[PDB]
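Below is one structure; the comments refer to it alone.
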Amino acid sequence: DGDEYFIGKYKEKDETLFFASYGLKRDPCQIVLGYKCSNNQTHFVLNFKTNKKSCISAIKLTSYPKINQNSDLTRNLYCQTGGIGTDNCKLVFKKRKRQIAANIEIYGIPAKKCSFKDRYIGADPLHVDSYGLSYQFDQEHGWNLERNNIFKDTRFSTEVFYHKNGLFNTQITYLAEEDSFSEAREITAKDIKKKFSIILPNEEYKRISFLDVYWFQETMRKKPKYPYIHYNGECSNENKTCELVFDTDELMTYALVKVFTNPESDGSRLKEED
Ligand SMILES: *[C@@H]1O[C@H](CO)[C@@H](O[C@@H]2O[C@H](CO)[C@@H](O[C@@H]3O[C@H](CO)[C@@H](O)[C@H](O)[C@@H]3O)[C@H](O)[C@H]2NC(C)=O)[C@H](O)[C@H]1NC(C)=O
Ligand SMILES: *[C@@H]1O[C@H](CO)[C@@H](O)[C@H](O)[C@H]1NC(C)=O
Ligand SMILES: [Br-]
Ligand SMILES: [Br-]
Ligand SMILES: [Br-]
């Protein structure tokens, strides 16, 4: 009936922080409860902040009437500043011509227990990724396929970035089926910086075979400045631990690394593609 856009994943226990309605053609949009908003031919902006000790967990925008648009291939809703895992969001909606009204809902969790690990990891992390999509494997190497029906940019050779419902993804490097899911690690806003890193176990049984990396970040513009996520050197068999480096140009608000393991891997999986 409307068209629905999501940043983050709603869960039942989430508190309701804010909901409101906006006419998108109005000059100026009608401020609701002090949150500055604005309308344009091209943009709707809501400057939201919660003066309470909560983390934003999910934002949903529904627009009317329903139009023709596969939103999984675009990012028309995003936080220019703040976002998931913080108490603020400068919410940006890139509207289309026929879109004239919008309903906004914003959910949160206590800042004390600001963890999203469960809702993104789920029950079957081995076979289901953090988008709710099941890993799929090609017939030659048995390594995971590139997702086909969602937003994805490429940059430098080997760099592929995915976006769905506000959540970004990059994969280092290939998943194989006999790999097992070891643990998932999250960094929350209090541990995030322009450049930060985490240390992973890498000895014996827990030989890191594959990293599935997800994050939310601010984007100044519709096109994001993607981060440089990379091992600090090679993650070889002798390394007792492996350090993952997050070298960002735009600030991340929350990050989640799925750690897959395999004693049989040597750290390097490559196809004859060049
Ligand atoms: C319709 O409304 C949107 C939202 O307000 C306008 O987009 C805004 O445009 C200005 C100017 O292009 C952007 O300013 C930029 O700010 C950064 C802050 O660091 C600065 O580095 C840039 O050089 C630039 O000055 C602003 O960010 C941008 N806002 C969003 C949310 O994208 C748009 O211009 C309006 N359309 C008009 C006026 O025709
Ligand atoms: C592997 O160990 C070497 C020796 O200290 C180190 O220089 C390198 O950064 C390690 N690799 C990772 C990914 O931590
Ligand atoms: Br603005
Ligand atoms: Br959760
Ligand atoms: Br953790």
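Here, A, B, ... name the chains of the structure tokens in the order displayed, residue numbers run from 1 inside each chain, and ligands are numbered from 1 in the same displayed order.
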9 Å from ligand 3 is the threshold here; counting only C-alpha atoms and all ligand atoms, which polymer residues fall inside it? Answer as a PDB file with N, CA and C atoms, in the first residue's frame.
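Produced file part_22.pdb, reproduced below:
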ATOM      1  N   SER A  38      13.141  19.169   6.458  1.00  0.00           N
ATOM      2  CA  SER A  38      13.049  20.037   5.290  1.00  0.00           C
ATOM      3  C   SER A  38      12.646  19.233   4.056  1.00  0.00           C
ATOM      4  N   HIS A  43      14.810  16.018  -1.872  1.00  0.00           N
ATOM      5  CA  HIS A  43      15.187  15.457  -0.580  1.00  0.00           C
ATOM      6  C   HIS A  43      14.164  15.754   0.499  1.00  0.00           C
ATOM      7  N   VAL A  45      14.629  15.642   4.759  1.00  0.00           N
ATOM      8  CA  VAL A  45      15.631  15.498   5.808  1.00  0.00           C
ATOM      9  C   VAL A  45      14.961  15.660   7.168  1.00  0.00           C
ATOM     10  N   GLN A  80      23.041  10.692   7.190  1.00  0.00           N
ATOM     11  CA  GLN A  80      24.228  11.424   6.796  1.00  0.00           C
ATOM     12  C   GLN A  80      25.183  11.573   7.970  1.00  0.00           C
ATOM     13  N   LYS A  90      20.745  12.072  11.248  1.00  0.00           N
ATOM     14  CA  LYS A  90      20.283  13.065  10.293  1.00  0.00           C
ATOM     15  C   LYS A  90      19.770  12.269   9.112  1.00  0.00           C
ATOM     16  N   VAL A  92      18.032  11.069   5.775  1.00  0.00           N
ATOM     17  CA  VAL A  92      17.979  11.582   4.413  1.00  0.00           C
ATOM     18  C   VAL A  92      17.129  10.617   3.592  1.00  0.00           C
TER      19      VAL A  92
END
Using only C-alpha atoms and all ligand atoms, I'd like a table of the residues in chain A that come within 10 Å of ligand 1; for each, show the closest atom pair and its distance in Å rounded to one decimal, ordered by chain and ascending number, as a Markdown table.
| residue | atom | partner | partner_atom_place_in_ligand_line | distance |
| --- | --- | --- | --- | --- |
| A:37 | CA | ligand 1 | 5 (O) | 8.9 |
| A:38 | CA | ligand 1 | 5 (O) | 6.7 |
| A:39 | CA | ligand 1 | 2 (O) | 6.6 |
| A:40 | CA | ligand 1 | 1 (C) | 4.7 |
| A:41 | CA | ligand 1 | 1 (C) | 6.7 |
| A:42 | CA | ligand 1 | 1 (C) | 5.7 |
| A:43 | CA | ligand 1 | 2 (O) | 4.9 |
| A:44 | CA | ligand 1 | 4 (C) | 6.7 |
| A:45 | CA | ligand 1 | 4 (C) | 6.1 |
| A:46 | CA | ligand 1 | 31 (C) | 9.2 |
| A:47 | CA | ligand 1 | 31 (C) | 9.9 |
| A:78 | CA | ligand 1 | 31 (C) | 9.3 |
| A:79 | CA | ligand 1 | 31 (C) | 8.5 |
| A:80 | CA | ligand 1 | 31 (C) | 6.3 |
| A:81 | CA | ligand 1 | 31 (C) | 9.2 |
| A:90 | CA | ligand 1 | 31 (C) | 7.7 |
| A:91 | CA | ligand 1 | 31 (C) | 7.8 |
| A:92 | CA | ligand 1 | 31 (C) | 5.6 |
| A:93 | CA | ligand 1 | 31 (C) | 8.4 |
| A:94 | CA | ligand 1 | 3 (C) | 8.8 |
| A:219 | CA | ligand 1 | 32 (O) | 9.2 |
| A:220 | CA | ligand 1 | 27 (O) | 6.6 |
| A:221 | CA | ligand 1 | 32 (O) | 5.8 |
| A:222 | CA | ligand 1 | 32 (O) | 7.6 |
Legend entry - Shortest interatomic distance to residue A:109 - which of A:54, A:154, A:232, A:62, counting only C-alpha atoms: A:54
Inset, instruction - Show me which residues sit within 8 Å of ligand 4 when counting only C-alpha atoms and all ligand atoms, and put them as a list in words. - result: residues 11, 115, 116, 117, 118, 119 and 120 of chain A
Shell of 9 Å around residue A:174, only C-alpha atoms, local chain residues under 4 positions omitted, as an mmCIF file with N, CA, C and O atoms, in the first residue's frame:
data_model
loop_
_atom_site.group_PDB
_atom_site.id
_atom_site.type_symbol
_atom_site.label_atom_id
_atom_site.label_comp_id
_atom_site.auth_asym_id
_atom_site.auth_seq_id
_atom_site.Cartn_x
_atom_site.Cartn_y
_atom_site.Cartn_z
ATOM 1 N N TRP A 143 33.256 -22.198 -3.394
ATOM 2 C CA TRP A 143 33.389 -20.947 -2.670
ATOM 3 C C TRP A 143 32.139 -20.101 -2.898
ATOM 4 O O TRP A 143 31.419 -20.268 -3.884
ATOM 5 N N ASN A 144 31.878 -19.190 -1.969
ATOM 6 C CA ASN A 144 30.595 -18.497 -1.970
ATOM 7 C C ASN A 144 30.434 -17.618 -3.210
ATOM 8 O O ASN A 144 31.398 -17.026 -3.706
ATOM 9 N N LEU A 145 29.200 -17.542 -3.708
ATOM 10 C CA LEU A 145 28.871 -16.723 -4.866
ATOM 11 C C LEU A 145 28.705 -15.264 -4.464
ATOM 12 O O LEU A 145 28.368 -14.944 -3.316
ATOM 13 N N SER A 209 39.574 -18.893 8.313
ATOM 14 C CA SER A 209 39.420 -19.187 6.896
ATOM 15 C C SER A 209 38.643 -18.127 6.128
ATOM 16 O O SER A 209 38.722 -18.099 4.896
ATOM 17 N N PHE A 210 37.879 -17.274 6.807
ATOM 18 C CA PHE A 210 36.998 -16.370 6.082
ATOM 19 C C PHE A 210 36.370 -15.389 7.056
ATOM 20 O O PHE A 210 35.966 -15.775 8.152
ATOM 21 N N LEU A 211 36.275 -14.127 6.637
ATOM 22 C CA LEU A 211 35.674 -13.073 7.444
ATOM 23 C C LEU A 211 34.512 -12.469 6.666
ATOM 24 O O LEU A 211 34.681 -12.060 5.511
ATOM 25 N N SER A 268 44.936 -18.267 1.760
ATOM 26 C CA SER A 268 44.855 -17.700 0.418
ATOM 27 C C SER A 268 43.954 -18.564 -0.455
ATOM 28 O O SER A 268 44.274 -19.730 -0.721
ATOM 29 N N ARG A 269 42.849 -17.978 -0.916
ATOM 30 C CA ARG A 269 41.928 -18.599 -1.862
ATOM 31 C C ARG A 269 41.787 -17.684 -3.073
ATOM 32 O O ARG A 269 41.280 -16.563 -2.946
ATOM 33 N N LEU A 270 42.207 -18.172 -4.242
ATOM 34 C CA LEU A 270 42.270 -17.397 -5.477
ATOM 35 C C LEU A 270 41.778 -18.231 -6.654
ATOM 36 O O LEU A 270 42.096 -19.418 -6.744
#
Give me, as CSV, the closest atom pair and its distance (Å, one decimal) for every residue of chain A within a cut-off of 7 Å of ligand 2, counting only C-alpha atoms and all ligand atoms, rows sorted by chain and rising number.
residue,atom,partner,partner_atom_place_in_ligand_line,distance
A:231,CA,ligand 2,13 (C),4.8
A:232,CA,ligand 2,13 (C),4.5
A:233,CA,ligand 2,9 (O),4.4
A:234,CA,ligand 2,13 (C),4.6
A:235,CA,ligand 2,13 (C),3.9
A:236,CA,ligand 2,1 (C),6.4
A:239,CA,ligand 2,1 (C),4.7
A:241,CA,ligand 2,14 (O),6.0
A:242,CA,ligand 2,14 (O),3.8
A:243,CA,ligand 2,14 (O),4.2
A:244,CA,ligand 2,13 (C),6.8
Output N, CA and C atoms for every residue in that selection, as a JSON list (two decimals), in the first residue's frame.
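Final output, saved to result_21.json:
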[["chain", "number", "residue", "atom", "x", "y", "z"],
["A", 231, "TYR", "N", 43.65, -7.16, 6.64],
["A", 231, "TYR", "CA", 44.58, -7.71, 7.61],
["A", 231, "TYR", "C", 45.79, -6.80, 7.75],
["A", 232, "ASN", "N", 46.38, -6.81, 8.95],
["A", 232, "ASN", "CA", 47.61, -6.08, 9.22],
["A", 232, "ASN", "C", 48.75, -7.02, 8.87],
["A", 233, "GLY", "N", 49.14, -7.00, 7.59],
["A", 233, "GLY", "CA", 50.01, -8.02, 7.05],
["A", 233, "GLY", "C", 49.21, -9.24, 6.65],
["A", 234, "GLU", "N", 49.94, -10.32, 6.38],
["A", 234, "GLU", "CA", 49.30, -11.57, 6.03],
["A", 234, "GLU", "C", 48.85, -12.32, 7.27],
["A", 235, "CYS", "N", 47.73, -13.03, 7.15],
["A", 235, "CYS", "CA", 47.22, -13.88, 8.22],
["A", 235, "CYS", "C", 47.62, -15.31, 7.87],
["A", 236, "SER", "N", 48.86, -15.65, 8.21],
["A", 236, "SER", "CA", 49.45, -16.92, 7.84],
["A", 236, "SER", "C", 49.24, -17.98, 8.93],
["A", 239, "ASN", "N", 50.88, -17.34, 12.36],
["A", 239, "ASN", "CA", 50.38, -16.26, 13.20],
["A", 239, "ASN", "C", 49.48, -16.81, 14.31],
["A", 241, "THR", "N", 47.70, -14.93, 16.38],
["A", 241, "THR", "CA", 46.49, -14.14, 16.26],
["A", 241, "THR", "C", 46.59, -13.33, 14.97],
["A", 242, "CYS", "N", 45.44, -12.89, 14.47],
["A", 242, "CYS", "CA", 45.39, -12.10, 13.25],
["A", 242, "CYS", "C", 44.65, -10.80, 13.54],
["A", 243, "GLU", "N", 45.24, -9.68, 13.13],
["A", 243, "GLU", "CA", 44.71, -8.35, 13.40],
["A", 243, "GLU", "C", 43.97, -7.82, 12.18],
["A", 244, "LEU", "N", 42.71, -7.47, 12.37],
["A", 244, "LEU", "CA", 41.88, -6.92, 11.31],
["A", 244, "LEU", "C", 41.85, -5.40, 11.47]]
Legend entry - Residues within 7 Å of ligand 5, counting only C-alpha atoms and all ligand atoms, as a list in words: residues 184, 185, 186 and 187 of chain A
Inset, instruction - Find the residue from A:36, A:190, A:152, A:9 that sits nearest to residue A:59; use only C-alpha atoms when measuring. - result: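 Closest candidate: A:9.
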Inset, instruction - Tell me, as an MDAnalysis selection string, which residues lie within 7 Å of stretch 96-99 of chain A, counting only C-alpha atoms; anything in the same chain fewer than 2 positions away does not count. - result: chainID A and resid 63:65 94 101
Legend entry - strand (DSSP E) call set, DSSP backbone run, stretch 33-274 of chain A, as an MDAnalysis selection string: chainID A and resid 37:39 43:49 54:64 77:82 88:94 101:110 151:154 160:164 167:172 180:188 195:201 208:217 228:231 241:247 252:261
